[PDB]
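Undergrad: What the sequence shown shows, in the authors' numbering, is residues 1 to 13, 15 to 53, 57 to 61, 67 to 88, 90 to 123, 125 to 127, 129 to 133, in sequence order. For each residue, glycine too, the CB sits at the ideal point set by N, CA and C.
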Amino acid sequence: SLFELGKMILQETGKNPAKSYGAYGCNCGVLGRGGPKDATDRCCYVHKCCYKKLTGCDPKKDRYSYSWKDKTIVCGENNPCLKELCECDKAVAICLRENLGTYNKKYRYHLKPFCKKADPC
């Protein structure tokens, strides 16, 4: 769920997820997708595309279990959907950290109506 997800982002990036992400660019947050503005936004694009594969569980609500061993996110549990869901979250968290270099605070609350039509996943 958003709790695990936000904790992961915090753990990888070291940044406050709700603040730095959650309304960033055309993809990070709740307005759906759009043509990515930068690498960071591309991470959220892929993240939302990863979610379109989940069969049987809810990303926004369903909780799952993961461990933080040696500063590595580790997804672990039988439920296939949750395992998948967890891999999606882990991946964007890592993607976000890897693109910290070009994070642009000016896209932080970017007006989504200024966005272009997002290519289909």
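#1: I'd like the span of the beta strand (DSSP E) that includes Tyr52, first residue to last.
#2: Could you tell me how far apart the beta carbons of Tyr117 and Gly26 are, in whole angstroms, since I believe they sit closer than 8 Å?
#3: Helix, strand or coil for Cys61, going by three-state DSSP, please let me know.
#4: From the DSSP output, which residues share a beta bridge with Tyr75?
#5: Under 8 Å, do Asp99 and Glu4 count as touching if we go by C-beta distance?
#6: Which residue from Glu94, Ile104, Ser1 puts its Cα closest to that of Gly15?
#7: For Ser1, which of helix, strand or coil comes out of DSSP?
#8: Quick check: the Cα distance between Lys129 and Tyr73, rounded to an integer number of angstroms?
TA: Taking the structure as given:
#1: Reading the sequence shown from its first residue, position 51 is the one you call residue 52. It is not in any beta strand (DSSP E) - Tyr52 instead sits in the alpha helix (DSSP H) that spans 40-52.
#2: One-based indexing of the sequence shown puts residue 117 at position 107. One-based indexing of the sequence shown puts residue 26 at position 25. Contact annotation, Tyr117 with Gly26: C-beta distance approximately 5 Å; criterion of less than 8 Å satisfied.
#3: If you number the sequence shown from 1, residue 61 lands on position 57. Of the three classes helix, strand and coil, the one that applies to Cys61 here is coil, per DSSP.
#4: For this step, residue 75 is matched to residue 66 along the sequence shown. Paired residues: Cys84.
#5: As a working mapping, residue 99 is identified with position 89 in the sequence shown. As a working mapping, residue 4 is identified with position 4 in the sequence shown. Closer than 8 Å, so yes.
#6: For the purposes of this step, residue 15 is identified with residue 14 of the sequence shown, where counting begins at 1. Distance check between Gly15 and each of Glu94, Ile104, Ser1 places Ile104 closest, using alpha-carbon atoms only.
#7: Taking the sequence shown and counting its residues from 1, one reaches residue 1 at position 1. Looking at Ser1 - three-state DSSP - the assignment turns out to be coil, as it is neither helix nor strand.
#8: Translated into the one-based positions of the sequence shown, residue 129 becomes position 117. Translated into the one-based positions of the sequence shown, residue 73 becomes position 64. Taken atom to atom, the span from the alpha-carbon of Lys129 to that of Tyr73 is near 32 Å.
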